[PDB]
C-alpha cells in the first residue's frame, strides 16, 4: 500500500504545516502537525477541557463506531518549545492520504497548554519519530508509520515541504518526479529516538564550504534551524545590523536586509537554503526588526534541522531494518 497527502502551511511564515487525517468511522477529519521529532498521535477531543479549546476541530470517540477505549492508558508529553498536553487513549482507524491503519492509538487530550489553545489551525500532532519515544503508559504505543510499515510497498515516508506553499507527505514510495538530481543517503542513530544524523558541514552565501561534523535531528515539527553558536554567528555576521537579542530570544536583523543563503552538507552533497527561507518577519506587528530563521542550539542540547532546512529538500525517512535519511535538492 501507499498514501499521499498534501501538507499546508498554517500561516504566511510557514510556522508549521498541517495535513488532513481521517480518524474513526464515519471519518472525522482533523488537521494534524506531522512531527518527525516526536512519537505521539494526539488530538483535541470531546474530552478536552472546554476553556482550552478555541476553534480547533475535535475528535469525538463516542461518534466513532470503531473507537475503543484503551483501558488504563494515559499519556503526557512536553515539547522543546515548552508546550505540553495529556489525556487518555483510544484505538481507532486512522487514514492518511488513502493509507489506512486499524487499531492505531489515538491519544485524546484532556488538557493542552496555552500555545496549543491559541493556535486554532492545529488539531493535534502525528508523531513520526521512533516509537521508543511514545509516552503512553503503562503500555507504550506504536506510531502511525510503525503500524503501517509492514503493509507499505517500501518501508519509507517522504517529506516535501513547501516554501510559502503546500507540499506533500508520501508513505510507502519515493516520487522520483519530486526532486532533481540524486538522493544522498546518510546514516541515522536511533539511540535518542530521533532521526539523528551528521551533516558534513556548511557554507554561508557564496562563501567556502566548511567541512565539520554537525550532529542533529531531522524534525518537521520544529519551525527553525538550530545549529551551534559558532555556525550561527558566522551566518549572521554576513547580515549588516544583525544581532542576538536576549530580550527577543534570538538573532534579529533589519527587515530591509537581503539575506544570504545557507548551505548544509549531506555526505558529499549540498542542500542550499535560499536567504528568503530564513526570514521570519517582524518581531512584533509593524516592527522593522525581523526574526531570523537560523538560531543557536546552545542550551537546547541538540542541533535541530527543522522546517527551514527540510523545506529546501526532498527528504526520505527510510524505516528499513537499519534506518537511514535521504536528501535531494528539488
Candidates 27, 105, 67, filtered to the one that is assigned by CATH to the domain that holds residue 123 and crowded, with 22+ Cβ neighbours inside 10 Å: 105
Lone qualifier among 258, 285 - being farther than 21 Å from residue 230 by Cβ, exposed (fewer than 15 other Cβ atoms within 10 Å of the Cβ) and touching a helix residue (DSSP H, G or I) at 6+ places or on another chain (Cβ under 7 Å): 258
Residue tally, condition surrounded by 23 or more Cβ atoms within 10 Å (Cβ to Cβ) and without any contact (Cβ under 8 Å) to a residue 24 or more places away in the chain, over segment 309-329: 0
Any chance residue 154 is assigned by CATH to the domain that holds residue 266 and surrounded by fewer than 18 Cβ atoms within 10 Å (Cβ to Cβ): no
Subset of segment 293-308 [more than 19 Å from residue 6 (Cα to Cα) and crowded, with 18+ Cβ neighbours inside 10 Å]: 293, 294, 295, 296, 297, 303, 304, 305
Condition check for residue 132: crowded, with 18+ Cβ neighbours inside 10 Å and out of contact with any helix residue (DSSP H, G or I) (no Cβ under 7 Å at 6 or more places or on another chain): no
Failed condition for residue 183, given (1) under 16 Å from the mean Cα position of the chain (by Cα); (2) under 21 Å from residue 196 (Cα atoms); (3) in contact (Cβ under 8 Å) with a residue 60 or more places away in the chain: (1)
Residue check, residue 1 surrounded by 21 or more Cβ atoms within 10 Å (Cβ to Cβ), touching a helix residue (DSSP H, G or I) at 6+ places or on another chain (Cβ under 7 Å) and touching a residue at least 60 places away in the same chain (Cβ under 8 Å): no
Residue 208, sole failed condition from (1) in contact (Cβ under 8 Å) with a residue 24 or more places away in the chain; (2) within 20 Å of residue 312 (Cα to Cα): (1)
Selection status of residue 265, assigned to a strand (DSSP E or B), over 19 Å from the mean Cα position of the chain (by Cα) and buried (at least 20 other Cβ atoms within 10 Å of the Cβ): yes
Which listed residue is surrounded by fewer than 22 Cβ atoms within 10 Å (Cβ to Cβ) and under 21 Å from residue 299 (Cα atoms), from 245, 211, 240: 245
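Numbers and lists here come from the model and the stated rules, or from a named source; no laboratory instrument gave them. Every residue, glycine as well, gets a Cβ built from its backbone with ideal geometry; the counts of neighbours run over all protein chains shown.
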